[PDB]
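The data below hold one chain only, encoded as structure tokens and taken in the form deposited in one PDB entry.
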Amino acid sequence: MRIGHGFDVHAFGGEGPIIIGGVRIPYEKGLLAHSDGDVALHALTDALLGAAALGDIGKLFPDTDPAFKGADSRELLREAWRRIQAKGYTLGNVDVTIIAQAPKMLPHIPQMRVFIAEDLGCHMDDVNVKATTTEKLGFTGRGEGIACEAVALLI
């Protein structure tokens, strides 16, 4: 059993929607990023790479490499997962916590769990996603951006 932890942040910028956990969520503003800025999947990817001792998302897929521009975070998720499995690991379970004042993540979580479980080739029960606001405090409370944390357990 191996434990991992990931954390990510992306700033709001431009027009909506935003992509979180693979879900296109309607919002007044979008998120600024090289890729699709999916904070939830970056934090998850890092948690999994962390538990595998493979480093982090930026070590494997550089901000500098042009191909990663506009990149689908689920692709990165699946690749990191491919490499993790090849190192001999299997999924224990993952838990994600989206820290955002808005939009409301609640209704999109079921679909998120479907995408993530698909990507990790596991059952939805091994995947949990949740959300919380920082009750108007901070860059998140001010609507400046979204953050996300995640933990993973590999076997």
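Whichever C-alpha set is largest while still superposing within 1.5 Å between the two forms counts as the rigid core. Residues carry their position along the shown sequence, with the first being 1. Residues that one form lacks are left out of the comparison.
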> Looking at the deposited entry, does 49 to 57 or 30 to 38 carry the larger mean Cα B-factor?
Replying inline: 30 to 38
> Comparing 92 to 100 with 119 to 127, which stretch shows the greater average C-alpha B-factor in the deposited entry?
Replying inline: 119 to 127
>> Quick check for you: using the entry's CA B-factors within this chain, is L106 in the lowest, middle or highest third?
In response: middle
>> What third of the chain does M1 rank in for C-alpha temperature factor, lowest, middle or highest?
In response: highest
> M112's Cα B-factor: lowest, middle or highest third of the chain?
Replying inline: middle
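Same protein, other form: the form deposited in another entry, not shown, and the subject of what follows.
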> Among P66, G88, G58, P107, whose C-alpha is off by 2 Å or more between the shown form and the other one on a rigid-core fit?
Replying inline: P66
> So the Cα-Cα distance between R82 and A67 shifts by 3 Å or more in the other form; is it shorter or longer than what we see here?
Replying inline: closer
> Your call: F68 and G145 CA atoms, closer or farther in the other form versus the shown structure, by 3 Å or more?
Replying inline: farther
>> In sequence order, what stretches of at least three consecutive residues shift by 2 Å or more at the Cα level between the shown form and the other one, with the rigid core held as reference?
In response: 61 to 71
